[PDB]
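In what follows, every heavy atom counts, from backbone to side chain, and hydrogens, waters and symmetry copies are set aside. We name chains A, B, ... by the order of the sequence lines, and we start the count at 1 in each one. Both counts, for ligands and for their atoms, begin at 1 and track the order of listing.
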Number of protein chains: 2
Amino acid sequence: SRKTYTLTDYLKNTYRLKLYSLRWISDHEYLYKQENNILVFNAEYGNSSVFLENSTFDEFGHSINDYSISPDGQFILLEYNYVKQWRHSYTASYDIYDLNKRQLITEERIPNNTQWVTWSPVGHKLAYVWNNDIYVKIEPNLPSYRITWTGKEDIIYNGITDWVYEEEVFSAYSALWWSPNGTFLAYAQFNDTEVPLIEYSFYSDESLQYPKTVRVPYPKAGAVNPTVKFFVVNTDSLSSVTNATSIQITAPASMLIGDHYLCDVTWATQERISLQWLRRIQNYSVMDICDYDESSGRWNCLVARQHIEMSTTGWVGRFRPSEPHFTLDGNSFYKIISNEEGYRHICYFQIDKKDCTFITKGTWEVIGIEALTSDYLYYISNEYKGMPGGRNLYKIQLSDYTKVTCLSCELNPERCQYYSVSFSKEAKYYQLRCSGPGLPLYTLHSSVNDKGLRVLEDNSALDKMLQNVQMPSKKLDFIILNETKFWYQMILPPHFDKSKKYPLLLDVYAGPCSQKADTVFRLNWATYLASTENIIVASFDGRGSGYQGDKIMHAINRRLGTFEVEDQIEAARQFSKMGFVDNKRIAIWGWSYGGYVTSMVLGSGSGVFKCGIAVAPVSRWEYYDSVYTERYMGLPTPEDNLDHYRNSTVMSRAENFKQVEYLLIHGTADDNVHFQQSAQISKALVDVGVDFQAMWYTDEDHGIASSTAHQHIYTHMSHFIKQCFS
Amino acid sequence: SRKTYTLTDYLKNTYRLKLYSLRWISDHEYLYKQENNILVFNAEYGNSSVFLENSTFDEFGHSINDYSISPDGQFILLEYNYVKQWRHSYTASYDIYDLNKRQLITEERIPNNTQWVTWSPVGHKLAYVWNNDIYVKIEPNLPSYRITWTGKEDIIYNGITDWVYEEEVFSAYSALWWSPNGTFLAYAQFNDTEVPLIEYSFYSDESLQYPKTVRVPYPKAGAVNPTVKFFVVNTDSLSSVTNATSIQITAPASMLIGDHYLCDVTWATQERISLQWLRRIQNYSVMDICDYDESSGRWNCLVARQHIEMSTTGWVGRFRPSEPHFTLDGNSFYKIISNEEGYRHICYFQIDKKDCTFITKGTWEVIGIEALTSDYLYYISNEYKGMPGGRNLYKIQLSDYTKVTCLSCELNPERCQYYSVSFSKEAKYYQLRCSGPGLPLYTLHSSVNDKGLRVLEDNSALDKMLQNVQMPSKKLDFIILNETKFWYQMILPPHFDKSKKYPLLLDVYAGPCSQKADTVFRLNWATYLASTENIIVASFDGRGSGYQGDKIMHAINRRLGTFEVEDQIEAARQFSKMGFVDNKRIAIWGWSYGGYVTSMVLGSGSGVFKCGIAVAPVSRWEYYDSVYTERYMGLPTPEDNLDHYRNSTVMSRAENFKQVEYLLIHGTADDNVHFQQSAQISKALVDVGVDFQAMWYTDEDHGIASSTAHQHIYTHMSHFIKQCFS
Ligand SMILES: *C(N)[C@@H]1CCCN1C(=O)[C@@H]1CC[C@H](COc2ccc(C(=O)O)cc2C(C)(C)C)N1
């Protein structure tokens, strides 16, 4: 009877998930965007009022892609002429609209091609980066004060991250941090002078006669890394007749002895800032807590307030050392660190005490600290039901660590096992966001008694829609391997009949600290495969996976391309013996790290898989960036880990591809996993006489996300899967 | 019964064609190489003697890939450390071995990375190019005289051609011409200073961490072209204390007025040299005949000895103006030029007479002038049987143009209809080389009475081998289109049964002045398709084809991508109505220009073809080099031919690919047809939502000729054809 979730439904997004993206502007109100206008809501009662009409900018002349209201409510930042760069970076044009006089500020406007803009935390001050230099605007209509003068494209970055810092550490283009009340503006400076450049052709539109060459400072494993410097400027000291003086915060000496990185910056108070550094060998990290010296104007980082965080089993943090959450006075803070038992939990520190006290414990982990009041600490964890793939909001009484309360567990057990949260300014209210296993559910609550105020969005519309279609179900469970249990998931075709034998597709990523087996509800390609082609799509989290402790996560330390791929093969081997799996039709595919694993698997010689697809795969670790690779592989030198760097390439397994059908895909403008990686794979396959299918995507990057390329790759991959199974 | 010509037989070359490559060292003897040693033969009797034993260089230390014996027989040039560059260019190392003293010359040796070396025509002088500069060596063991000092990589080329001159005009790296007795050394100089650079990535071996960027001066259609200068130096005036003086030969004034090219250089006598120039608009060409002035030391080119050659229907020459063949005294010459009727024939000129006299005529063409004696002129033509695809050696009495004799026609009518020839120094003897329709046959003759002396090679070995295999046959014939008849050929499966219906593959090239329909015997991929897969492989020569007069060849003037592709579609349409052709299984494929035509055809919307394969295709003429493109397309400017340049792209036809199965293939290091061309095609296909198969070959160039890549592409293409037909 009736329809199924088709490929076209996925590519054309016929069944959409409704969201409820709000933005707290205070401890009592939040702004709520809409395709037309922006409304302001009162958390307590729910009543609203238009903040600015959808018509205020009808004849602005440009297509605005984003707004940013100053903390004052007095101004609105208008963003247009958006030009995407990397995963987070982009340039655009900006105009400021005065809400008090309802006029568009025309004087001393923010230059075009601005790399980054941000209001101060409280008033309406502005800090932005242009041509790699920092500028501060005390008043929207007043001239800008140039803070830095050393900016130089591809060389010196002031206030913005270079390629690797953007992608691997801060996950942001921004490299500036305003102090709590906006008095100080802290920023980092990156020097890429000796960083090697990755070069690749960009064809551009047909009209371009000669292909251009794109080059970007990109440090590959073991190469020269960018250096970093940190500064803090007092925005209340700007003149216009004198150049602003930036106080530098150097060291630590234990870091200066060699290559290192700035990995975190968090203000503690109006005059206290914490900085976290990491050695190139991401084994050891140091936290500095620097206080402003009223009489010297300098920033002192008292050794005594330095906290060392290191690891003997691997690297520090999931992807980097976690951030600290200070108490109002800044004399103490909480932060997630690995247990003595290897599990990440919240540890309570005294800025001057060397040993911290854990306040949570157990065979589970704290995903993140969400909010801190003088009374309670709110955090997300996968403790409930001992399910590593579930997430719940908990709160712990700071005066009695024995009193912990789960705020999300029982709201709707059936429908919700995965939550994210958004607290208001003073944590007076919070919005819970349930993303599965059922349809996304957004609700509002008040912290005084954790009372449920109301449902903001329940996706009732989509719900009525999906009951007219034969949707697939999701099975979350585990299998045991050497005493240890590992979770997996399966998107089961509708009317799943354990009697019948289904072809199985193994959806894999499996990079360090990853999780592909969870309770999240998704509408993707896998949905179509199960619903329309009656294909079972499975995912498994083996050695290397995260949120299950360092014993599992650090198992692939200095040894990438080993256990995580073995466990993948093993999981599929067990699946093929389940009764409803046609072991003669088992495939595997992945993207980026998932492309690497997929290739390593297909070239393992296990014969377990018939065909596989690798999209933008890593082929050899010496080709990927230093910050990521080295974190798990160390340095590619003979004295260090060169041997394993060379033992874990995809091309060395070239010969074994004779037994499988392989589809290799890659964007030619991939700035992240360079086309080079797939170029070497295809060449190793040719040199060995192995036939395979290939597809390049001209000018597409790592996401192969343009509207047309996206539909084309999934369409192309569907034909390949259908053919390999039918 | 028994085997067939398999794909593996083609890729592994199990059935080899024997050759007989000889080299005339005089009018009576020729050298004959062998995998081991070199022998010297006496043409008159056939007796031989070893010239140099296969052991003379056992402990040389290097792998010699080629030898060159000086005209004296006194020295041997040894070539090793061969590093290929473009289609003709390459660098290598050289050593000279003295045959008189049987020693290896160790003093003043030729530098490594030498770009070009050549003995003088008579003695043992040497001229070579290193680091783009010319050097002359009067004696093998004496210091070299540097002739030029302006050489500069990618900028100034002395004695060697730049990229476009190598590929499009001289079909050689060499740009130096010794005078008949070695007294003068003429050379060209190319300046690429403002020539744009094509840039592309070269991945190299896996060990390379960062992909390198190759850039080469390459003028695309309409771009800035390289400039050229011509010089002549007297090698008998070299000192060692003074810099050699090179006399320049400039003009013509009718050429200097704008962009032009040097397209031919031919010495007439010891002191007379002829030069041919061509305007950027390859409509008009001028020939200069310059005499050495004994008392001025200069070279005078007397306007009166200038011969203009232009065309009103198209460009000049088949690919460039033909070369002249002077009479012993140099006061007259013969050269192939287009008729009043449009057919190319030999015209007799008086260096001082404005009008030449044709000595051959008819609805056929002279392919080339092979030899000239004071008595006879020997030439190759396709006159015999009125077959444009056949070739025969003829000789015409210079005293009675009415007396022409075919020297090859009746030697073996059945087996031989395609001949090439090689005369000795004074044309006392000639070697005929039959390449089809039967197995290659090499024979020797004496010019006195054109008597057949003996068979040098008859491929008797391969003959016995091929009778144990089910080989295909070749049908050469024609079809009529608008009064005019056009020839085609078909490789018919063994035991061809006109009753049965066979799938047909259209092998196409069809660039201007091409011929894919001939009587040549070939052992290639097409042989396998017909023998093993029972596929008919056809080729058709329509408008644009050569050797049939300018009315057919110039039909696509300034209009590439029109009639040559239309006729291709039309030829296939007629084939599909022949009775033994399954019109439901007709494919088309080609390489380079053939890739362009194949794409244009598949995107025509004719629906005649089910699938097609394009290898390294041109996609839009603005992306190809100027010298070639402009010769047929003019300049891509609005005032000229920009409109047709834009109407003849493959991407504009993108939408029509929905009806066909397309396989796109290209080498990423193609320096000739840049990967860019296929990158734009694939992108235009993605933007329109058309699915297709693709395959890139990392680091392979236009030939995709490495041992592994070659076998891989044909293997990959075979799977595609088999699937499209079965
Ligand atoms: C493919 N997946 C390639 C090949 C292995 C490493 N690859 C990466 O892309 C790595 C993995 C981690 C990092 C990307 O990190 C992020 C991207 C996006 C966000 C986000 O919040 O949107 C966050 C991250 C972090 C927090 C750094 C994991 N580069």
Side-chain angles (χ1 to χ4, degrees), chain A residues 21 84-90 161-175 198 216 218-221 261-265 276 278 282 314-323 336 344 367-368 380 420 422 433 435 507-516 520 539 544-547 553 556 559-562 564-565 568 589-601 613-633 645 648-650 664-667 670-678 680-681 700-705:
Chain A
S21 306
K84 169 182 187 302
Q85 183 175 47
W86 309 139
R87 151 139 43 197
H88 305 294
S89 58
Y90 68 79
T161 58
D162 68 337
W163 195 92
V164 74
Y165 264 88
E166 178 189 328
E167 175 74 16
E168 305 303 346
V169 18
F170 293 114
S171 294
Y173 193 22
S174 172
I198 173 60
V216 18
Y218 183 115
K220 288 178 181 282
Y261 309 112
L262 175 68
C263 57
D264 183 287
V265 9
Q276 270 180 282
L278 184 66
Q282 303 177 53
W315 61 90
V316 186
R318 298 195 161 101
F319 282 96
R320 58 169 176 159
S322 67
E323 79 162 61
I336 303 170
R344 283 152 209 291
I367 305 299
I380 291 300
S420 73
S422 179
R433 303 168 293 189
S435 58
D507 191 331
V508 55
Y509 180 68
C513 197
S514 71
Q515 182 166 70
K516 289 279 281 178
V520 182
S539 296
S545 295
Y547 316 114
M553 188 178 84
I556 57 186
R559 216 56 51 175
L560 292 189
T562 59
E564 77 281 44
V565 21
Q568 214 59 45
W589 91 282
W591 204 302
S592 186
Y593 200 106
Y596 171 63
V597 171
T598 289
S599 299
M600 291 296 273
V601 162
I613 306 170
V615 185
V618 158
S619 66
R620 84 136 48 170
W621 293 111
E622 284 164 82
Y623 300 154
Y624 202 60
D625 66 63
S626 68
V627 178
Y628 180 91
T629 311
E630 287 165 37
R631 186 156 67 224
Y632 319 103
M633 292 287 282
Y645 260 96
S648 51
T649 72
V650 171
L664 214 205
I665 304 172
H666 216 304
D670 199 321
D671 58 292
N672 194 340
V673 181
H674 308 148
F675 187 79
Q676 158 196 45
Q677 307 234 34
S678 282
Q680 294 292 185
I681 293 181
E700 289 298 319
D701 66 14
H702 195 58
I704 305 181

Subject >> Identity and distance of the protein heavy atom lying nearest atom 11 (C) of ligand 1 >> reply: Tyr628(A) CE1, 3.3 Å

Subject >> Any donor-acceptor pair under 3.5 Å from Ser435(A) side chain to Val520(A) backbone >> reply: no

Original post:
Which heavy atom of the protein is the closest neighbour of atom 24 (C) of ligand 1, given with residue, atom name and distance?
Top reply: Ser171(A) OG, 3.5 Å

**OP:** Please check if the side chain of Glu166(A) supplies one atom and the backbone of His88(A) the other of a donor-acceptor pair under 3.5 Å.
**Re:** yes

**OP:** Return a yes/no value for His88(A): is any of its N or O atoms, backbone included, closer than 3.5 angstrom to an N or O of ligand 1?
**Re:** no

Original post:
For atom 7 (N) of ligand 1, which candidate among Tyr624(A), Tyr593(A), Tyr596(A), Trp621(A) provides the closest heavy atom?
Top reply: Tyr624(A)

Original post:
Testing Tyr596(A), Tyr645(A), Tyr628(A) for side-chain hydrogen bond (donor to acceptor under 3.5 Å, both in side chains) with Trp621(A), which one passes?
Top reply: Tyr596(A)

**OP:** Assess the side chains of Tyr261(A) and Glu168(A): does a donor N or O sit below 3.5 Å from an acceptor N or O?
**Re:** no

Subject >> Interfacing atoms of ligand 1 (cut-off 4.0 Å, heavy-atom, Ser592(A)) >> reply: 1 (C), 2 (N), 3 (C), 4 (C), 7 (N)

Subject >> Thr161(A) (side chain) donor-acceptor with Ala172(A) (main chain) under 3.5 angstrom >> reply: yes

**OP:** Please confirm whether the backbone N or O of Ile336(A) pairs with a side-chain atom of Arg344(A), one donor and one acceptor, at under 3.5 Å?
**Re:** no

Original post:
Protein heavy atoms: any of them under 4.0 Å from atom 21 (O) of ligand 1?
Top reply: no

**OP:** Flag the pair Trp315(A) / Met553(A) as yes when at least one side-chain heavy-atom distance between them is below 4.5 Å, and no otherwise.
**Re:** yes

Original post:
Do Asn672(A) and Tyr624(A) have side-chain atoms, one donor and one acceptor, less than 3.5 Å apart?
Top reply: yes

**OP:** Look only at the side chain of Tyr623(A) and the backbone of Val618(A), and say whether a donor-acceptor pair between them is shorter than 3.5 Å.
**Re:** no

Original post:
Of all the non-hydrogen atoms in the protein, which one sits nearest to atom 13 (C) of ligand 1, and at what distance?
Top reply: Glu168(A) OE1, 3.2 Å

Original post:
What part of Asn672(A) sits under 4.0 Å from ligand 1 if we count only heavy atoms: the side chain, the backbone, both or neither?
Top reply: side chain

**OP:** Give yes or no for whether the N/O distance cutoff of 3.5 Å, strictly under, is met between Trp591(A) and ligand 1.
**Re:** no

Original post:
Who's the nearest protein heavy-atom neighbour of atom 18 (C) of ligand 1, and how far?
Top reply: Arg87(A) CD, 3.9 Å

Subject >> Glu167(A) N/O to ligand 1 N/O under 3.5 Å >> reply: yes

Original post:
Do any N/O atoms on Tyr509(A) end up under 3.5 angstrom from N/O atoms on ligand 1?
Top reply: yes

Subject >> Atom indices of ligand 1 within 4.0 angstrom of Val618(A) heavy atoms, with elements >> reply: 4 (C)

